[PDB]
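Q: Next up is a structure, given as structure tokens.
Readers should treat all values here as calculations from the given coordinates under stated rules, not as data from a laboratory. FYI the Cβ positions are ideal-geometry reconstructions off the backbone, even for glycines, and counts take in every protein chain you see.
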Amino acid sequence: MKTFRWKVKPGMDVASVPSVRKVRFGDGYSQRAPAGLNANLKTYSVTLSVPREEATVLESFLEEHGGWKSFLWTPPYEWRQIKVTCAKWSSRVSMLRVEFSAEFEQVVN
Amino acid sequence: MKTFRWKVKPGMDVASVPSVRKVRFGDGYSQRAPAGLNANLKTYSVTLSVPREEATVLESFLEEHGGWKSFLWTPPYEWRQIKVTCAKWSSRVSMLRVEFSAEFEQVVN
Amino acid sequence: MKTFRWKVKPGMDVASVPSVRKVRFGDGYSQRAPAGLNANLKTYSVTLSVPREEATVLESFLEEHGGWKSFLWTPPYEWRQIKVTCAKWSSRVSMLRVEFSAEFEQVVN
Amino acid sequence: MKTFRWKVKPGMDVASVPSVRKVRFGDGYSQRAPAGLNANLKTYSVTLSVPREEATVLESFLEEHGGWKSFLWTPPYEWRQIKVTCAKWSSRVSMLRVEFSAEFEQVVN
Amino acid sequence: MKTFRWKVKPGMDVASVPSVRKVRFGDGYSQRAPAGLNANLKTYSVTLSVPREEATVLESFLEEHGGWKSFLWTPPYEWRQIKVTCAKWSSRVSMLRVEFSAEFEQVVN
Amino acid sequence: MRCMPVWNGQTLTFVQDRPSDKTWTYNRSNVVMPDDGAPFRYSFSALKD
Amino acid sequence: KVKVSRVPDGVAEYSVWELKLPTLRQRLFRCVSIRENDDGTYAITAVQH
Amino acid sequence: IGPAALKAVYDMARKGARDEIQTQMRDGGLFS
Amino acid sequence: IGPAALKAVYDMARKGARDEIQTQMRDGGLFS
Amino acid sequence: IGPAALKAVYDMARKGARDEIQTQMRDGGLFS
Amino acid sequence: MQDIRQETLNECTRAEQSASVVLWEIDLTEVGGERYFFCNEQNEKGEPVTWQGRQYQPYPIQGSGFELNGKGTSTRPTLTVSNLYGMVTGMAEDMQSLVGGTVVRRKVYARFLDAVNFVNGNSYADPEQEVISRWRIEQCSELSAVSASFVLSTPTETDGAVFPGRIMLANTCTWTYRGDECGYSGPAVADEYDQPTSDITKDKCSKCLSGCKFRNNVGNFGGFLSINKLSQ
Amino acid sequence: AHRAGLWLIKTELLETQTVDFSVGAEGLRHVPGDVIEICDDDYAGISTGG
Ligand code: SF4
């Protein structure tokens, strides 16, 4: 499995929405319990800035995996290696730099 | 049950909406009555910033509870201990500090 | 019936939507007539600024009535005592002050 | 019927949309015809400001008509007396003056 | 096939979203696979400004192709000739120059 | 015997068609006003019915 | 304002009143369905009697 | 707009189904 | 989105009802 | 919200139609 | 009219009212289980709601669709109750899907609720004010890890019933064994395969003429012998 | 038999109207078969209730 070696920019947004089972009719008694083992999987909203020449390498790396294959990446948030998948990314070309925006989703497999 | 220790940055938003049963008659007359035996429950919305090293502790604390376990916390609004549960949260990772944004619902359980 | 003795801040918004029965197909002849006697009931959007210590009293006053019970209040707009109900209110706690937002609805009963 | 005497602030918006019957054929050919015998009716949107003491008079005037009676008014746009009905209106109560915002639709009745 | 000659101003947005077939199992396990045999296709969004006299040439060129014919063009992003088609476009006419906005979808046909 | 068998809350009761006196009066203030503005909606039987 | 012959005991404010003229004829009805609703209201259907 | 739209559409679908059956019952329809 | 959505959903419900009745009419259905 | 809403409403209408037919078939309904 | 008490009607009339509480009771005595009490909310003191002495337990349960109409089909209300913790599964594996038991529903205004619930007590407490209705569970439409949904029905339903109900058969007896009509009460005689036995546990009539002759009870035979000669 | 036919004829000649309305929080008293009176101001044209 290939690894992601590029460096992210300030402002990463880590969104966590745990999966839970809750039952509550109206305002009555409420019961909650977890849905599974790996309930909490975070999605990292990263931002990358690379020159004009090095945009092709990053674009090729993200394209060859597609939305299916998963690569290793070590988030700066917690410094523990995880397996993520990039399903969508948008590039804003400038005169001397290219800015990338993507969402990496943690996966178990 | 463990207690929430970290402090909350100013700007906390306390939103409370009671539940009532309304019937609207012909000429502006009406019937109003409370829906349930128990009093209403508030939804404190908080924002707090912690250093980069201490962000892992808070993230792990919120992660272990999932979205189904409740922890004690004394809101600055009224200064009385209550039971709150955090269903979802997010963080924005700057250079020196991490800023968490979460909505603490109140549950009587 | 308890009374509301607090003072509102500039910008109070009075919205009136008279209840009327109108029938008109396409661009044809149109007929209009009132729906009932107390057709026009105004809803007042108020904002209150009170210190940290006095927030508990106002919050208790609004919570005790709930969305059902109605209290007496004399608006600064027309200076005539009316019966209103507060169905929702939100607090924004700051370092030294607390700011309240609420909607008072005139009721006949 | 009573006449609207108060004056309007600059910024009046006059929106006139006719009603037509269109059929779009194959290659850009079409059929167009007016829907009704009578001419279209404009929808003047006005805003006006009055002192605190004179706000009650205007509010009572708009209140007695409800949303079903029409009053004469000479818009500055064309300077010809017409028949208008105010279905809804709002007011923002400042410290010295009250600002009304309303939509006077034109009716032939 | 005709080739696109006019140049694109900075700020070009390249959006690429692959197509995948995802199934989410119980405990966070999943199945991922590409939907189709062919690689994904990007959708460049461009903005270009040309003088008033040259605006007619570009407008006629884009009108000739309609929304069904494709023309060759070499994006500055990667510098490899591709087949693109413009389904819709717009232009804002100033005093001296006309500014166009269009989205060039990539088609393998 | 022209009675409609309806299940009351607790027992199965039979409602016959014989003259009876009124129970309660509902004016325009007792009934709910819909957004349409019509408290009561009346409908009639068909010609061929 | 009216002036009734006698005032029944404890006629509270906001209580329903009806005027029964001798000229007008009563409009009776017969319930056939009462659909309990979640809002706390009941939908009542009737047929002429 | 959430499950409430689905529930409302289900109620309207059931009403339409009853109306269609009653329409088809009369002379000329499928059930006649 | 106003009553127009209700009317459109009602028309689609009636169409679905006719289609379902015709589907159940053939061999193996409820009406067979 | 596009044709997908129409397809979903059509599916819900068909489900409601089947449910209504099965409800009517039992004792007291139109089909009984 | 239901004979509702006067105080309940006075409460219904008023403009501002107290909370309306529905108290569910699921009875499984006829099937063979125990009666279970549930309620949707806790009281003001964070304890189970106490009505009379029952002390209904807090549990997420909702019942919707109740109606009073005799023109068309039966009513068939719906009741939804959650089993995140697996209670409904435990009742359904054991008591055969909770089919046949009774469900009783009471509507009591919170004004008349027992004085134990409120921290300051209730001076208007009156245990006689309630509205009761009985239904019978019909089916378990769904059972999952999140919730479980039953469909109720009236106790007097006519779906599988045919009126005359008694068939004239040539070789088979329709009575119930040792019942009122068979009128046999004596020592165990034979098995259901006309094999001699003496144990009382495995004594069953075969509903055949030999099975009846084992009892010397030919007089009360349900069937009518030698019809098949005439029907032929 | 004649009365059985006459009942249909008379009930379909005389009673030809139905009404539908909603009554809130005090419908506990009603069960099918109750006979109620409707005082509609718009129908009669004169104020009869309040
Ligand atoms: S066959 Fe004889 S003993 Fe057996 S059930 Fe019938 S009547 Fe009773």
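Q: Out of C:68, C:6, report the one residue that is of a type in the set (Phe, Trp, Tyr) and over 28 Å from residue D:98 (Cβ atoms).
A: C:68
Q: Something else now. Of all residues in the range L:1-25, which are more than 8 Å from chain F (Cβ to nearest Cβ) and either part of a loop (DSSP other than H, G, I, E, B) or charged (D, E, K, R) (or both)?
A: Passing the criteria: L:1, L:3, L:10, L:15, L:25.
Q: Out of everything in the range E:53-109 that is surrounded by 15 or more Cβ atoms within 10 Å (Cβ to Cβ) and among the aliphatic types (A, V, I, L, M), what residue ends up being farthest from residue E:14 (Cα to Cα)?
A: Checking each candidate, the answer is E:55.
Q: Turning to a different aspect of this structure: Across the range B:24-50, what is the number of residues that are in contact with a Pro (Cβ under 7 Å, 6 or more places away or on another chain) and among the hydroxyl-bearing types (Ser, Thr, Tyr)?
A: Qualifying residue count, the range B:24-50: 1.
Q: Can you tell me which residue within the range K:212-232, out of those that are among the aliphatic types (A, V, I, L, M) and assigned to a helix (DSSP H, G or I), is surrounded by the most Cβ atoms within 10 Å (Cβ to Cβ)? Let's see the steps before the verdict.
A: Here is the first cut: in the range K:212-232, the ones among the aliphatic types (A, V, I, L, M) are K:218, K:225, K:227, K:230.
Restricting the remaining residues to those that are assigned to a helix (DSSP H, G or I) gives K:218, K:227, K:230.
Working: K:218: 10, K:227: 13, K:230: 7.
Checked the range K:212-232; the qualifying residue surrounded by the most Cβ atoms within 10 Å (Cβ to Cβ) is K:227.
Q: Let me ask something additional. If we keep just the residues of the range K:198-232 that are of a type in the set (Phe, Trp, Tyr) and either free of Cβ contacts under 8 Å to residues at least 40 places away in the same chain or within 9 Å of the ligand (Cβ to nearest atom) (or both), which is farthest from the other protein chains (Cβ to nearest Cβ)?
A: Per the criteria, the residue is K:214.
Q: Also: Here is a check on your reading of the model: is residue E:78 within 14 Å of another protein chain (Cβ to nearest Cβ), in a strand (DSSP E or B) and of a type in the set (D, E, K, R)?
A: Taking the combined requirement at face value, the residue does not satisfy it.
Q: Every residue in the range B:50-66 that is assigned to a loop (DSSP other than H, G, I, E, B) and more than 7 Å from every other protein chain (Cβ to nearest Cβ), please.
A: Matches in the range B:50-66: B:65 only.
Q: Is it true that some residue in the range K:176-197 is of a type in the set (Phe, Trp, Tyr), on the phi < 0 side of the Ramachandran plot and more than 15 Å from the ligand (Cβ to nearest atom)?
A: No - not one qualifying residue is present in the range K:176-197.
Q: So residue K:68 ticks every box in (1) of a type in the set (A, V, I, L, M, F, W, C); (2) surrounded by fewer than 20 Cβ atoms within 10 Å (Cβ to Cβ); (3) part of a strand (DSSP E or B) but one. Which box is left unticked?
A: Here residue K:68 clears every test but (2).
Q: Which condition from (1) more than 7 Å from chain L (Cβ to nearest Cβ); (2) under 22 Å from residue L:6 (Cα atoms); (3) without any contact (Cβ under 8 Å) to a residue 12 or more places away in the chain is the one that residue F:16 breaks?
A: (3)
Q: Do the conditions hold for residue B:84, that is, is it in contact (Cβ under 8 Å) with a residue 60 or more places away in the chain, part of a loop (DSSP other than H, G, I, E, B) and either within 11 Å of chain A (Cβ to nearest Cβ) or within 15 Å of residue B:3 (Cα to Cα) (or both)?
A: no
Q: Let me ask you something else. Filter the range K:151-209 down to the residues that are more than 27 Å from the chain's Cα centre (by Cα), farther than 23 Å from residue K:223 by Cα and of a type in the set (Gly, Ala, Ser) and list them by number.
A: K:198
Q: Can I ask one more? Could you please find all residues in the range K:2-40 being of a type in the set (A, V, I, L, M) and part of a strand (DSSP E or B)?
A: Once the filter is applied, which keeps residues that are of a type in the set (A, V, I, L, M) and part of a strand (DSSP E or B), the range K:2-40 yields K:21, K:22, K:23, K:26.
Q: Looking for something within 11 Å of the ligand (Cβ to nearest atom) and in contact with a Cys (Cβ under 9 Å, 6 or more places away or on another chain) - is there at least one such residue anywhere in the range K:161-172?
A: yes
Q: Condition check: hydrophobic (A, V, I, L, M, F, W, C) and touching a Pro at 6+ places or on another chain (Cβ under 7 Å). Does residue K:152 satisfy that?
A: yes
Q: Right, another one. For the list (1) on the phi < 0 side of the Ramachandran plot; (2) in contact with a strand residue (DSSP E or B) (Cβ under 9 Å, 6 or more places away or on another chain); (3) hydrophobic (A, V, I, L, M, F, W, C), I need the number of the one condition that residue K:95 fails.
A: Of (1) on the phi < 0 side of the Ramachandran plot; (2) in contact with a strand residue (DSSP E or B) (Cβ under 9 Å, 6 or more places away or on another chain); (3) hydrophobic (A, V, I, L, M, F, W, C), only one is false for residue K:95: (2).
Q: In addition: Tally time: how many residues in the range D:87-106 are within 7 Å of chain C (Cβ to nearest Cβ) and touching a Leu at 6+ places or on another chain (Cβ under 7 Å)?
A: 1
Q: Kindly list the number of the only condition in (1) free of Cβ contacts under 8 Å to residues at least 60 places away in the same chain; (2) within 14 Å of chain C (Cβ to nearest Cβ) that fails for residue D:69.
A: The one condition residue D:69 does not meet is (1).
Q: Can you tell me how many residues in the range K:1-42 are of a type in the set (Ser, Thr, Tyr) and more than 9 Å from every other protein chain (Cβ to nearest Cβ)?
A: 2
Q: When you check residue B:2 against the structure, is it among the basic types (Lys, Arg), over 30 Å from residue G:16 (Cβ atoms) and in contact with a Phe, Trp or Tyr (Cβ under 6 Å, 6 or more places away or on another chain), yes or no?
A: Working: among the basic types (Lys, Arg): yes; over 30 Å from residue G:16 (Cβ atoms): yes; in contact with a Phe, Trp or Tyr (Cβ under 6 Å, 6 or more places away or on another chain): yes.
Here the answer is yes, as residue B:2 does meet what is asked.
Q: To continue, here is another question. For residue F:42, which of the numbered conditions (1) in contact with a strand residue (DSSP E or B) (Cβ under 7 Å, 6 or more places away or on another chain); (2) not in a strand (DSSP E or B) fails to hold?
A: With respect to (1) in contact with a strand residue (DSSP E or B) (Cβ under 7 Å, 6 or more places away or on another chain); (2) not in a strand (DSSP E or B), residue F:42 is out only on (2).
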